[PDB]
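Asks: Protein chains in written order, with full-length UniProt numbering: chain A, 32 to 217; chain B, 5 to 139; chain C, 40 to 416; chain D, 150 to 253; chain E, 54 to 118; chain F, 10 to 123; chain G, 40 to 221; chain H, 33 to 121; chain I, 3 to 79, 92 to 103.
Where a beta carbon is used, it is the ideal one built from N, C-alpha and C, also for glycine.
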Amino acid sequence: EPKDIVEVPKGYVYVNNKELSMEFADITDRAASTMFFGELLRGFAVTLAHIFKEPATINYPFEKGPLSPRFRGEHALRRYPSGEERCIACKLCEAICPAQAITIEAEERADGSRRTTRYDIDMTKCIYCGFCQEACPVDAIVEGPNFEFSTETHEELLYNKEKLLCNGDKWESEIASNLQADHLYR
Amino acid sequence: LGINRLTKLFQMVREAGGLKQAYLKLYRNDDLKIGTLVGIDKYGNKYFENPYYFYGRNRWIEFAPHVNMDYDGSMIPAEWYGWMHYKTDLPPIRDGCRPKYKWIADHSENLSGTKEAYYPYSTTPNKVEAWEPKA
Amino acid sequence: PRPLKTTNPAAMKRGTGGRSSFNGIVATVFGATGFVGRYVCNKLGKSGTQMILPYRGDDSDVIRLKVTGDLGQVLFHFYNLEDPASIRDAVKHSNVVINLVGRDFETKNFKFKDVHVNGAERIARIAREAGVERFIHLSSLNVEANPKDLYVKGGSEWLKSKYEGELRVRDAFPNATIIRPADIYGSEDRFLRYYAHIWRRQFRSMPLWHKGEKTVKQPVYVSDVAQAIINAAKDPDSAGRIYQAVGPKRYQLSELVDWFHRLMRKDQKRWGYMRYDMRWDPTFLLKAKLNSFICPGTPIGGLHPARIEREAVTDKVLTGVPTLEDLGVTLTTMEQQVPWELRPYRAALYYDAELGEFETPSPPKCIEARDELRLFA
Amino acid sequence: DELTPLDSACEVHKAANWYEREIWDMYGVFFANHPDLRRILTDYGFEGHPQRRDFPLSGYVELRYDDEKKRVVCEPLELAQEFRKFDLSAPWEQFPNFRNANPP
Amino acid sequence: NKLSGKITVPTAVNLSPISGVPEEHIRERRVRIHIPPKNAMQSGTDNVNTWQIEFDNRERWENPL
Amino acid sequence: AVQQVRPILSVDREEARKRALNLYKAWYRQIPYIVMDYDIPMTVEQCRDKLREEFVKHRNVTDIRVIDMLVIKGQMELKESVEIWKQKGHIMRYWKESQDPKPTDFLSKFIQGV
Amino acid sequence: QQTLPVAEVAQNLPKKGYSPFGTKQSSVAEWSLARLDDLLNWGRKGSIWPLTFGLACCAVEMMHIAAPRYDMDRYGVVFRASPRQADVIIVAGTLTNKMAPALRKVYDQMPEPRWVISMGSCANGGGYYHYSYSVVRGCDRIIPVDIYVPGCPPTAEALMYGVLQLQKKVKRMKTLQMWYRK
Amino acid sequence: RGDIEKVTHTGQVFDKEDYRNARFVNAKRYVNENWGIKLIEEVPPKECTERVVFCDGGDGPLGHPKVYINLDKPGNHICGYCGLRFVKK
Amino acid sequence: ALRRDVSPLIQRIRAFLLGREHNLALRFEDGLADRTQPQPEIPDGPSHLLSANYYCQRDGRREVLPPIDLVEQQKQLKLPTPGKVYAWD
Ligand SMILES: NC(=O)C1=CN([C@@H]2O[C@H](COP(=O)(O)OP(=O)(O)OC[C@H]3O[C@@H](n4cnc5c(N)ncnc54)[C@H](OP(=O)(O)O)[C@@H]3O)[C@@H](O)[C@H]2O)C=CC1
Ligand code: SF4
Ligand code: SF4
Ligand code: SF4
Ligand SMILES: [Zn+2]
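As structure tokens, then:
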């Protein structure tokens, strides 16, 4: 190795202190490198080689993934094991929602129960942050795992309670799995 | 050259069902691989896993045949979705601990750009009542 | 005391004006993907109006109109003029309908009758059965009960069809508003694109009927026509009233074209504008006939003979027939609008000559009533 | 204040040059001797300095696109859903130590 | 004959034009300087110790969609 | 009710006019270039007319300091139009052609809502 | 709401055809124009060229899609820099007022048939900055959006799923077949 | 179409002559098929001995917060959160 | 027999061309963790200690004071340097 050019103390590493020798073997080496592009040859052979590594493209949509149980995607309003709506209109989800993408209006159903009438989310204002589900005291609303919910019309994105309930019904099995995975851990 | 690789080609090509049944599979999926029937879906789909490949390729799906070339990303049902994403290592065939409630709907595609599309609408009955002259 | 139609406060006018304030108007705009549809719909969206935009072309042709209104203010409804069922469905919930339907030339699927009158009445009958408060129609200003051609025999069918459309629409609808423009000039317009496009020109010699010196034209600007449409749509007291839509100052086609070429820098040294007599040269008609016969879509530059008869026809206004001033619409003049309008087509900045310092194109000069009587002698 | 100018640090630290431009744009605090007091962040022809606390959150105007004019036009404000504040005020003083301390 | 260019000017300097508020709001809207009302069903009173200003309600309709 | 306070630029009302009219020179002299450079409908006479009204926009400004700032804004906008940083949309902004002059007499207000 | 058919229903049903139009055409002209539309759509569907506008935060996903995990040129998608040669524009990130005229200008300088994907919440409806004095609330107010990819940002899978959805829209577009009626 | 006729459990049908019906000329009006009111009605009222019972509705930390409901009154007692029903007799 | 690799020849040339001994990069189920795992228990904290755990005698937010005026501090009562000199050199 050539000597340094600035003496270095610890807690540092100078990345250029190494000297460019003037020894004849050292200059002729560099000269030969320039005259026959050895460095280019090294890089050239690298890329040839690296053809022979198998590409890592997932054959989407057939092959696909991976995600994790906590993935934050399509919203869903869950239902109790009896089928009753979990949401009680406590309105914390709206109170925390950073984007203010949630709107709620609740009253008493004829049974006298505290329940929502309108429950709206705008996934053109939602940031899929998950503060809503981290706040909800009964796990009423959750960031379901679906993420291929793409629409041709902007109006189609503003979900109301009917749409959200449908997603909950559609995805209930998977959401049940994740919560069983994370409830004691979250 | 063919170091026990043409042999593997013979396995997948022949037992596919011949030239036609190898080409149509290839023609549709843009690749032909070998796995085991993890489980047959309720909707004609067929799931295949093979640890020989890596995580991207570990698990894959042959969509229902009646979908000629209209495959979609949402065709996966709920019970299989987690397995398909490496989100649960328990095949639905194996873990019956997931809920089996009644109200659960059946799966649906991204019904968009079609008469079956969702469209939002107010979910609050009107606020203020108008005075009725007749009464 | 004008009655009311709906007593649902949700279905009732509200807001501060803008893209959100619902104006209490629900409109279908037949032929929205046109030269004037864009101007109408943008005005209606500015109000904050609900639109149904029926369309027969690929929706991609109309997707641009989605930009004209806030969410849910605009719906696209595929139909066909030959399907009365679809039209019924498109008008059931509607409050107003506007009939911007009509081509300038003839098709293979539509002869001027079936598209320009027979279709219109079907629309009106369906609209009337649907119980639609307000109906609007457009009919060229030159409309005559007994059209007579001026230069080419088979070139007055448009005028005949226009008269037929008016009378039968009024027959099948008690009080529709039939506004009547002629030669609307604007961006992406029959008028200026026609006088600009190449095939219209001969080598460098625009052919005009009687040198374009025996014609009176009074074009109007498109937006002022649109703004009139909305203002007469908001008002129901305009119902059952024709309106001759004309601009401020009549003009002579020679004055216009010379001014046009001045604006386009077409007259400095070399481009060398000349004005023929269309009658002298027998080549212009063949261009129209061939250009019609060959093009599958709209003929190149709108060269079809019907356009040629239109320029020949004079613009006969009448008193008593109300006007834009009755509609409370200020009229931007050509002198304000056209220069910018034609700025894209300016050209001919030769290396051989001088540019820039050439004066601003000196405007044209109107034609007064007695001066007209001199013209016609 | 919003009126009197203020000294400039451009002549002291070259680093500040952009910052003075930023405050000028964001509050309107003039800076004297500043080389070039061009606005930085807000768009051209923007009136008012938004970071002040007497300025509405959503601003006074908003843009769209015109077909009559083939151009984008600024319009008076119009919001699909009015920004719903929440009145998050403490009724119970949660901090005694700062109560009488720092009095005039 | 100067104190770094100091000037004598009236204390009350109207700043409407420089401000940037549109004249429409300035000419059609008032301000209601007051103290925020005390909540009826509370008992701590350390959010009504300040003087507050706001602008009169204009309008609210409901989005048709 | 006077305050002994710092200056900004102009020490007397006449210097203020001197600065204010200097700006009026730059803007008057600029107008033709913008008519050429910015492909917008506006013509020289209209641009000149607006420039007049837009100074008249604030005639009864009184404070020396306030009028100084108004000029500071103008010198900025001058440069942004002098050089072509602005855009055709931005320059036309002075006309407000998207919105029709809203109704003003009491009935038109009354019949058209608050 | 509809739902997928069940196993036995699939068994009864035949192949779903390839051309979304179907093969029910009556006359020679109809059948011929059906095929030419199919070829056109096939061309415009297989090769689609985004413009890579990519203002912000969302752009990183717009790059990960180009990355070798969910390869996008695999599908026939390439990032042409020049808008004259770009067929699609993936508007991604926030649209501030300074940008609004720029986006408009870039859009219409691109020749059609042009499709826009509004990626991310910031473009879809202004996203998290919706009540801001400087942001265009959505990008629907500047340009005609075609496909909305919700997310903040959308996971790369979501984005290229939307791309495929655009391919489906490009597949079913009816231009020649229905000109014949026009 | 029935889609734009059904009564949402919240209790809305667009009036037969109401322009907001128009939005569904080309899209479905989703209405959910499970109405919580009917379902909870079907679930029978559980009964106990003790004067005071406790419900979490769901199970463990997968349900609503634990709540204690007294049953000394003659009638039923509905869980505030889940709507389960209790009766001591 | 463990990971899909190109045939041994191409492997050897590939190692030759790179000039470093190659190690595979694609992630296999065997390589990565047991992808389904037992339920974790988070150990309880030190302030969850059950007694002598008063909040009043461990809280910070009620502990912080207003800023102090140093001159007035002195009025109540080696050239000074902000801190240890650093050889940023
Ligand atoms: N300079 C002028 O054009 C004048 C205007 N008028 C009248 O005003 C109206 C608007 O004028 P303008 O926009 O320039 O004319 P256009 O040629 O531009 O017609 C515009 C609309 O008419 C639609 N159209 C034509 N035929 C049909 C059809 N069978 N079915 C459905 N739609 C059809 C077109 O639909 P699509 O594009 O999708 O095929 C198009 O959207 C016309 O009806 C005209 O009679 C009167 C005086 C002069
Ligand atoms: S936090 Fe949960 S229970 Fe409360 S209103 Fe929101 S969804 Fe309903
Ligand atoms: S994920 Fe975040 S932004 Fe979206 S609805 Fe929930 S709390 Fe609001
Ligand atoms: S939508 Fe989300 S990811 Fe996209 S720019 Fe906005 S904050 Fe970033
Ligand atoms: Zn309970």
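(1) Measure the alpha-carbon distance for residue 47 of chain H versus residue 203 of chain C and round it to whole angstroms.
(2) Just how far apart, CA to CA, sit residue 274 of chain C and residue 196 of chain G?
(3) Tell me which residues pass a beta-carbon proximity test against ligand 4: closer than 5 Å to any heavy atom, given in chain order.
(4) Helix, strand or coil for residue 43 of chain B? Go by DSSP, reduced to three states.
(5) For a contact meaning CB atoms closer than 7 Å, what does residue 43 of chain H contact in chain B?
(6) Would a check of beta-carbon distances place residue 208 of chain D closer than 8 Å to chain G?
(7) So, with DSSP's three-state summary, where would you put residue 300 of chain C?
(8) In whole angstroms, give me the CA-to-CA distance for residue 19 of chain I and residue 141 of chain G.
(9) Roughly how many angstroms separate the alpha carbons of residue 60 of chain G and residue 211 of chain G, rounded to a whole number?
(10) Can you tell me which residues form a DSSP beta bridge with residue 245 of chain C?
(11) So, is the C-beta of residue 64 of chain H closer than 8 Å to a C-beta in chain A?
(12) Between residue 91 of chain H and ligand 5, is there a pair consisting of the residue's CB and a ligand heavy atom that are separated by less than 7 Å?
(13) Where residue 150 of chain C and residue 33 of chain H are concerned, what is the direct C-alpha to C-alpha distance, given to the nearest angstrom?
(14) Taking just the CA atoms, how far does residue 107 of chain C sit from residue 88 of chain C?
(15) Can you check whether the C-beta of residue 122 of chain A is within less than 8 Å of a C-beta belonging to chain B?
(16) Where does residue 67 of chain C fall in DSSP's three states?
(17) When the distance is taken between beta carbons, is residue 185 of chain A closer than 8 Å to residue 94 of chain H?
(18) Hey, would you say the C-beta of residue 132 of chain A is under 7 Å away from at least one heavy atom of ligand 3?
(19) Listed from N- to C-terminal order along the chain, which residues in the stretch 154 to 187 of chain G have their beta-carbon within a distance smaller than 8 Å of any beta-carbon of chain D?
(20) At a cut of 8 Å, does the stretch 163 to 177 of chain C reach the stretch 193 to 211 of chain C through at least three beta carbon pairs?
(21) If the cut is a Cβ gap below 9 Å, which residues of chain A does residue 200 of chain G touch?
(22) Under three-state DSSP, which class holds residue 189 of chain A?
(23) First and last residue of the alpha helix (DSSP H) that includes residue 129 of chain G?
(24) Using CA coordinates, which residue listed in D/219, D/217, D/247, D/180 is at the minimum distance from residue 70 of chain I?
(25) Any C-beta of chain A within less than 7 Å: which residues of the stretch 54 to 71 of chain I qualify?
(26) Between residue 90 of chain A and residue 87 of chain B, is the Cβ-Cβ spacing less than 8 Å?
(27) Any heavy atom of ligand 3 closer than 7 Å to the beta-carbon of residue 158 of chain A?
(28) Going by other Cβ atoms of all chains shown within 10 Å of its Cβ, with 16 needed for buried, is residue 189 of chain A buried or exposed?
(29) If you count every other CB in all the chains shown that lies within 10 Å of the CB of residue 176 of chain C, and 16 or more means buried, which is it?
(30) Would residue 73 of chain F pass as a contact of residue 29 of chain F if the rule is Cβ separation under 8 Å?
(31) Please state the DSSP three-state secondary structure of residue 99 of chain G.
(32) Please report how far the alpha carbon of residue 88 of chain H lies from the alpha carbon of residue 142 of chain A, in whole angstroms.
(33) So what does residue 138 of chain A bridge to, in DSSP terms?
(34) Is the separation between the beta-carbon of residue 84 of chain C and that of residue 58 of chain C shorter than 8 Å?
(35) Would you tell me roughly how many angstroms separate the C-alpha atoms of residue 79 of chain I and residue 249 of chain D, rounded to the nearest one?
(36) So which residues on chain G does residue 122 of chain F lean against when the C-beta distance must stay under 9 Å?
Replies: According to the structure shown:
(1) To locate residue 47 of chain H, count along the eighth sequence from 1; it is residue 15. To locate residue 203 of chain C, count along the third sequence from 1; it is residue 164. In a straight line, the C-alpha of residue 47 of chain H is about 39 Å away from that of residue 203 of chain C.
(2) Along the third sequence, one-based indexing puts residue 274 of chain C at 235. Along the seventh sequence, one-based indexing puts residue 196 of chain G at 157. So the alpha carbons of these two residues sit roughly 52 Å apart.
(3) That gives G/95, G/96, G/97, G/132, G/159, G/160, G/161, G/166, G/191, G/192.
(4) The residue you call residue 43 of chain B lines up with position 39 of the second sequence. Correct three-state label for residue 43 of chain B: strand.
(5) For this step, residue 43 of chain H is matched to residue 11 along the eighth sequence. Against residue 43 of chain H, the close residues of chain B are 129, in the order they occur along the chain (beta-carbon pairs closer than 7 Å).
(6) Counting from one through the fourth sequence, the residue named residue 208 of chain D turns up at place 59. Yes, its Cβ sits closer than 8 Å to a Cβ of chain G.
(7) Walking along the third sequence from the start, residue 300 of chain C turns up at place 261. Residue 300 of chain C sits in a helix when the DSSP states are folded into three classes.
(8) Indexing the ninth sequence from 1 puts residue 19 of chain I at position 17. Indexing the seventh sequence from 1 puts residue 141 of chain G at position 102. The alpha-carbon atoms of residue 19 of chain I and residue 141 of chain G are separated by roughly 48 Å.
(9) Reading the seventh sequence from its first residue, position 21 is the one you call residue 60 of chain G. Reading the seventh sequence from its first residue, position 172 is the one you call residue 211 of chain G. Whole-angstrom Cα-Cα distance: 7 Å.
(10) The count along the third sequence starts at 1 and reaches residue 245 of chain C at position 206. Under DSSP, residue 245 of chain C shares a beta bridge with C/314.
(11) By 1-based counting over the eighth sequence, the position of residue 64 of chain H is 32. With its beta carbon less than 8 Å from one in chain A, residue 64 of chain H belongs to the interface.
(12) Translated into the one-based positions of the eighth sequence, residue 91 of chain H becomes position 59. Flag unset: Cβ of residue 91 of chain H not near ligand 5.
(13) To locate residue 150 of chain C, count along the third sequence from 1; it is residue 111. To locate residue 33 of chain H, count along the eighth sequence from 1; it is residue 1. Using only the alpha carbons, I get a separation of about 36 Å.
(14) Residue 88 of chain C sits at position 49 when you count from the first residue of the third sequence. Residue 107 of chain C sits at position 68 when you count from the first residue of the third sequence. Near 10 Å, if we compare the C-alpha coordinates of residue 107 of chain C and residue 88 of chain C.
(15) Position 91 of the first sequence holds residue 122 of chain A. No - not a single Cβ of chain B is within 8 Å of the one on residue 122 of chain A.
(16) Here residue 67 of chain C is taken as the residue at index 28 of the third sequence, counted from 1. Residue 67 of chain C falls in the strand class under three-state DSSP.
(17) In the eighth sequence, the residue the question calls residue 94 of chain H occupies position 62. In the first sequence, the residue the question calls residue 185 of chain A occupies position 154. Not a contact, by the Cβ cut-off of 8 Å.
(18) On the first sequence, residue 132 of chain A is found 101 positions in, with the first residue counted as 1. Residue 132 of chain A: yes, Cβ under 7 Å from ligand 3.
(19) From the stretch 154 to 187 of chain G, only 170, 171, 172, 173, 175, 176, 180, 181, 182 have a Cβ closer than 8 Å to chain D.
(20) Output reads yes: the stretch 193 to 211 of chain C touches the stretch 163 to 177 of chain C.
(21) In the seventh sequence, the residue the question calls residue 200 of chain G occupies position 161. In chain order: 91, 92, 178, 179, 181.
(22) Indexing the first sequence from 1 puts residue 189 of chain A at position 158. Correct three-state label for residue 189 of chain A: strand.
(23) Start at 1 with the first residue of the seventh sequence, and residue 129 of chain G comes out as number 90. Run containing residue 129 of chain G: none in the alpha helix (DSSP H); it sits in the beta strand (DSSP E), 127 to 131.
(24) Taking the ninth sequence and counting its residues from 1, the one referred to as residue 70 of chain I is at position 68. Comparing alpha-carbon positions, the option among D/219, D/217, D/247, D/180 lying closest to residue 70 of chain I turns out to be D/247.
(25) Contact annotation: in the stretch 54 to 71 of chain I, no residue has its CB less than 7 Å from a CB in chain A.
(26) For this step, residue 90 of chain A is matched to residue 59 along the first sequence. For this step, residue 87 of chain B is matched to residue 83 along the second sequence. Not closer than 8 Å, so no.
(27) Your numbering for residue 158 of chain A matches position 127 in the first sequence. Answer for residue 158 of chain A: yes, Cβ within range of ligand 3.
(28) For the purposes of this step, residue 189 of chain A is taken as residue 158 along the first sequence, with counting starting at 1. With 16 or more Cβ atoms within 10 Å of its Cβ, residue 189 of chain A is classed as buried.
(29) For the purposes of this step, residue 176 of chain C is taken as the residue at position 137 of the third sequence. So residue 176 of chain C ends up on the buried side.
(30) To locate residue 73 of chain F, count along the sixth sequence from 1; it is residue 64. To locate residue 29 of chain F, count along the sixth sequence from 1; it is residue 20. Contact: no.
(31) Locating residue 99 of chain G in the seventh sequence gives position 60, counting from the first residue. In the structure shown, residue 99 of chain G sits in a helix (DSSP, three-state: H, G or I).
(32) For this step, residue 88 of chain H is matched to residue 56 along the eighth sequence. For this step, residue 142 of chain A is matched to residue 111 along the first sequence. If you take the alpha carbons of residue 88 of chain H and residue 142 of chain A, they lie about 20 Å apart.
(33) In the first sequence, counting from the first residue as 1, residue 138 of chain A sits at position 107. Residue pairing of residue 138 of chain A in beta bridges, as defined by DSSP: A/146.
(34) Taking the first residue of the third sequence as 1, we reach residue 84 of chain C at position 45. Taking the first residue of the third sequence as 1, we reach residue 58 of chain C at position 19. Closer than 8 Å, so yes.
(35) Sequence index remark: in the ninth sequence, residue 79 of chain I carries index 77 (1-based). Sequence index remark: in the fourth sequence, residue 249 of chain D carries index 100 (1-based). For residue 79 of chain I and residue 249 of chain D, the distance between alpha carbons rounds to 23 Å.
(36) The residue you call residue 122 of chain F lines up with position 113 of the sixth sequence. Think of a sphere of 9 Å around the beta carbon of residue 122 of chain F: no beta carbon from chain G falls inside it, the nearest being about 23 Å out.
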